[PDB]
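*Asks:* Sharing coords_38.cif here; it has mmCIF, C-alpha atoms.
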```cif
data_coords
loop_
_atom_site.label_atom_id
_atom_site.label_comp_id
_atom_site.auth_asym_id
_atom_site.auth_seq_id
_atom_site.Cartn_x
_atom_site.Cartn_y
_atom_site.Cartn_z
CA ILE N 914 -67.67 208.64 77.42
CA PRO N 915 -67.03 205.72 75.04
CA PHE N 916 -66.38 207.53 71.79
CA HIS N 917 -63.45 206.09 69.88
CA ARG N 918 -62.31 202.76 68.46
CA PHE N 919 -59.79 202.73 71.28
CA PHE N 920 -60.72 204.21 74.73
CA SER N 921 -63.89 202.13 75.03
CA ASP N 922 -63.44 199.54 77.76
CA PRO N 923 -66.69 197.87 78.86
CA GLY N 924 -65.02 196.79 82.08
CA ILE N 925 -64.39 200.44 82.82
CA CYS N 926 -67.66 201.84 81.46
CA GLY N 927 -70.09 199.40 83.13
CA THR N 928 -68.60 200.10 86.54
CA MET N 929 -69.16 203.84 86.51
CA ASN N 930 -72.58 203.44 84.91
CA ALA N 931 -75.20 200.88 85.85
CA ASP N 932 -77.03 201.24 82.53
CA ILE N 933 -74.11 199.79 80.59
CA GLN N 934 -73.85 197.10 83.27
CA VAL N 935 -77.41 195.90 82.79
CA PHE N 936 -76.78 196.17 79.07
CA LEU N 937 -73.77 193.88 79.35
CA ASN N 938 -75.43 191.54 81.85
CA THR N 939 -78.06 190.93 79.19
CA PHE N 940 -75.58 190.83 76.27
CA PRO N 941 -72.29 189.46 77.59
CA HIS N 942 -70.59 189.16 74.21
CA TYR N 943 -70.11 192.93 74.14
CA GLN N 944 -67.78 192.77 77.11
CA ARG N 945 -64.91 191.97 74.76
CA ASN N 946 -62.04 194.44 74.45
CA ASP N 947 -61.02 193.22 71.02
CA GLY N 948 -63.26 194.47 68.27
CA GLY N 949 -65.79 197.21 68.48
CA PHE N 950 -68.54 196.69 70.97
CA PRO N 951 -71.03 199.37 69.93
CA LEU N 952 -70.61 203.03 70.68
CA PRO N 953 -73.66 205.31 70.71
CA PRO N 954 -74.97 205.29 67.11
CA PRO N 955 -73.90 208.90 66.40
CA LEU N 956 -70.42 207.91 67.55
CA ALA N 957 -70.35 204.52 65.81
CA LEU N 958 -69.48 205.52 62.26
CA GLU N 959 -66.81 203.02 61.25
CA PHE N 960 -66.56 203.81 57.55
CA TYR N 961 -66.31 207.52 58.30
CA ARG Y 674 -50.05 191.31 92.32
CA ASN Y 675 -48.36 188.83 89.97
CA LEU Y 676 -50.89 186.12 90.79
CA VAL Y 677 -53.75 188.48 90.00
CA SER Y 678 -52.04 189.37 86.72
CA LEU Y 679 -51.48 185.66 86.00
CA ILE Y 680 -55.19 184.99 86.35
CA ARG Y 681 -55.79 187.97 84.03
CA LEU Y 682 -53.48 186.33 81.48
CA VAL Y 683 -55.25 182.98 81.76
CA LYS Y 684 -58.56 184.74 81.13
CA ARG Y 685 -57.04 186.37 78.05
CA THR Y 686 -55.48 183.16 76.74
CA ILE Y 687 -58.68 181.13 76.88
CA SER Y 688 -60.85 184.11 75.96
CA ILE Y 689 -59.22 184.15 72.53
CA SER Y 690 -62.36 182.58 71.05
CA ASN Y 691 -64.60 185.57 71.66
CA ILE Y 692 -66.87 186.57 68.78
CA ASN Y 693 -69.85 188.93 68.84
CA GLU Y 694 -72.63 186.37 68.58
CA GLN Y 695 -75.15 185.00 71.02
CA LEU Y 696 -77.28 182.01 70.06
CA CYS Y 697 -79.96 181.47 72.70
CA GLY Y 698 -78.92 183.95 75.36
CA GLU Y 699 -75.38 182.80 75.89
CA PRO Y 700 -72.25 184.35 74.38
CA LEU Y 701 -70.23 182.25 71.99
CA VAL Y 702 -67.40 181.69 74.48
CA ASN Y 703 -70.00 180.35 76.91
CA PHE Y 704 -70.66 177.94 74.07
CA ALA Y 705 -66.92 177.40 73.55
CA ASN Y 706 -65.27 176.83 76.91
CA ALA Y 707 -67.08 175.45 79.97
CA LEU Y 708 -64.93 177.57 82.21
CA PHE Y 709 -66.87 180.66 81.01
CA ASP Y 710 -70.41 179.44 81.63
CA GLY Y 711 -73.21 179.40 84.18
CA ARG Y 712 -73.09 175.63 84.57
CA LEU Y 713 -69.57 175.69 85.99
CA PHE Y 714 -70.65 177.25 89.31
CA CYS Y 715 -67.33 176.43 91.11
CA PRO Y 716 -66.54 174.78 94.49
CA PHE Y 717 -66.39 177.75 96.88
CA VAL Y 718 -68.92 180.55 97.12
CA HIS Y 719 -69.84 182.96 99.90
CA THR Y 720 -73.04 184.69 98.72
CA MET Y 721 -74.68 183.06 95.66
#
```
Could you quickly redo this structure as structure tokens?

*Replies:*
Amino acid sequence: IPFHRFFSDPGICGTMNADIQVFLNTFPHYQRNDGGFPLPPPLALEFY
Amino acid sequence: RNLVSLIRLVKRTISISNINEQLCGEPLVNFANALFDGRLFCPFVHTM
């Protein structure tokens, strides 16, 4: 469950789920730990 | 275990330049450093 600014590793998430893995294999610049790679849009509310 | 962590640190140190933008289909670090791209296949492989 990637939900927070922290606690959202793609290298963890795309190994349990294959759907994130084919998402990252098509968009490899979201595999970065540094900024925010996108949460689900109800979870991704940065200004709130 | 230290050699595996060393290779982790090398990946960090030359994955500094990681920015959320693709241009054609490649991430920007694939544009930056030829060590992070498809073209640098490497010398030894066992499957493909």

*Asks:* With distances taken over all atoms listed in the file, which residue among N:925, N:937, N:952, N:931 lies nearest chain Y?

*Replies:*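 Among N:925, N:937, N:952, N:931, it is N:937 that comes nearest to chain Y.
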
*Asks:* Hey, which bits of chain N sit within 12 Å of chain Y, and for each residue what's the closest pair of atoms and how far apart in Å (one decimal), counting all atoms listed in the file, rows by chain and increasing number, as a tab-separated table?

*Replies:*
```
residue	atom	partner	partner_atom	distance
N:937	CA	Y:700	CA	10.9
N:938	CA	Y:698	CA	10.6
N:939	CA	Y:698	CA	8.0
N:940	CA	Y:700	CA	7.5
N:941	CA	Y:700	CA	6.0
N:942	CA	Y:700	CA	5.1
N:943	CA	Y:693	CA	6.6
N:944	CA	Y:693	CA	9.4
N:945	CA	Y:691	CA	7.1
N:946	CA	Y:691	CA	9.6
N:947	CA	Y:691	CA	8.5
N:948	CA	Y:693	CA	8.6
N:949	CA	Y:693	CA	9.2
N:950	CA	Y:693	CA	8.2
N:951	CA	Y:693	CA	10.6
```

*Asks:* What's the separation between CA of residue 916 (chain N) and CA of residue 956 (chain N), in Å to one decimal place?

*Replies:* 5.9 Å

*Asks:* Have a look at CA of residue 715 (chain Y) and CA of residue 678 (chain Y) and let me know their distance in Å, one decimal.

*Replies:*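 Going from CA of residue 715 (chain Y) over to CA of residue 678 (chain Y), I get 20.5 Å.
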
*Asks:* Hey, can you pull every residue with an atom no more than 12 Å from (-67.3, 209.4, 73.9), using only C-alpha atoms, and send it as a list in words?

*Replies:*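 These residues have at least one counted atom within 12 Å: residues 914, 915, 916, 917, 918, 919, 920, 921, 922, 926, 951, 952, 953, 954, 955, 956 and 957 of chain N.
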
*Asks:* Interatomic distance between CA of residue 933 (chain N) and CA of residue 711 (chain Y)?

*Replies:* 20.7 Å
